[PDB]
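# quick check, what structure comes out for this input:
(2 chains, ligands or ions: 1)
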Number of protein chains: 2
Amino acid sequence: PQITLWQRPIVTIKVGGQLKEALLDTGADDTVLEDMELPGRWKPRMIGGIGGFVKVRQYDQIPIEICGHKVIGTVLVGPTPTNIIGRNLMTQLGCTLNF
Amino acid sequence: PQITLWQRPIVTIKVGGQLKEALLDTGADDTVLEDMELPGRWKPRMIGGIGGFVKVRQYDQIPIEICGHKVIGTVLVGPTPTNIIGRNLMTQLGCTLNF
Ligand SMILES: CCC[C@@]1(CCc2ccccc2)CC(O)=C([C@H](CC)c2cccc(NS(=O)(=O)c3ccc(C(F)(F)F)cn3)c2)C(=O)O1
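Numbering: from 1, shown residues only, chains lettered A, B, ... in the order given. Sure, the structure comes next:
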């Protein structure tokens, strides 16, 4: 699709069988999700946002459907104002910024 | 332009007579710049993101030139770790996400 920015660019994602809303965020290097159960082992990571740093759990090679497109990549789980889709997964979508 | 997302989408801006680099962030409601002087009255605000909340000064109707295009909007200033251009200005550039 083509998504304008007059409202938050929120899309429906499917992760671990669950439908969720997530924000397409070109300012985010990584994908950060609200607390949920994910399979496999996790590794520690610290990420920086406008408010400072947060400790997150890093899970690798997690499949997510974003608007019906299947992507598979790293997801970080921790305290966040909302589910955030970052550039790591937007590049798998072939997503670009256009003006 | 069409900007891919393999790297951070960073652009040159001119604001309050200062030239700076800033990150195009589709996930940010608002534009938030590192602490600086801007003309006019301001109001204090607390804005939330990853890492928590940041105290900012809100300036209204500030002209910013982004990649040569003049836009006008509210500009927040405070101790953000990076200059961020939010949706409030990206819309004025006609910027869309496409996949
Ligand atoms: C995953 C980290 C993401 C990011 C990284 C910033 C960065 C980049 C390079 C180097 C250092 C730091 C980008 C980002 O959009 C935000 C948040 C939204 C998730 C953000 C950015 C700008 C302003 C705000 N405050 S706000 O009032 O405009 C706002 C509040 C909430 C949301 C919501 F959609 F996320 F809920 C969006 N905007 C928040 C952030 O806090 O850090």
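# so what's residue A:57 closest to, chain neighbours aside?
residue A:42 (4.2 Å; Cβ to Cβ, 6 or more residues apart in numbering or on different chains). All C-beta spots, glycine's among them, are computed from the backbone N, C-alpha and C.
# now swap in residue A:4 and tell me
residue B:96 (5.4 Å).
# quick check: residue A:81 vs the ligand, distance?
Per Cβ to the nearest ligand atom, to the nearest Å, residue A:81 is found 4 Å from the ligand.
# likewise for residue A:14?
Counting by Cβ to the nearest ligand atom, the gap from residue A:14 to the ligand is 20 Å.
# what residues are up against that residue?
Residues near residue A:14 by Cβ atoms under 8 Å, 6 or more residues apart in numbering or on different chains: A:20, A:64-65.
# list phi and psi for it.
Per-residue torsions, residue A:14: phi -130, psi 120 (degrees, to the nearest 10).
# doesn't residue A:46 lie inside a strand?
Yes - counting by DSSP: H, G, I helix; E, B strand; the rest coil, residue A:46 is located in a strand.
# and for it, the neighbour number?
The number of residues packed near residue A:46 is 11, by other Cβ atoms under 10 Å in any protein chain shown.
# what's across from it in the sheet?
residue A:55 (DSSP bridges).
# wait, it touches residue A:57, no?
No - in this structure residue A:46 lies outside contact range of residue A:57 using Cβ atoms under 8 Å: 11.1 Å.
# ok, and the closest non-adjacent residue to the residue of chain A found nearest chain B?
Closest approach between chain A and chain B, counting by Cβ to the nearest Cβ: residue A:49, at 2.3 Å. Leaving out its chain neighbours, the residue that sits closest to residue A:49 by Cβ to Cβ, 6+ apart is residue B:50, at 2.3 Å.
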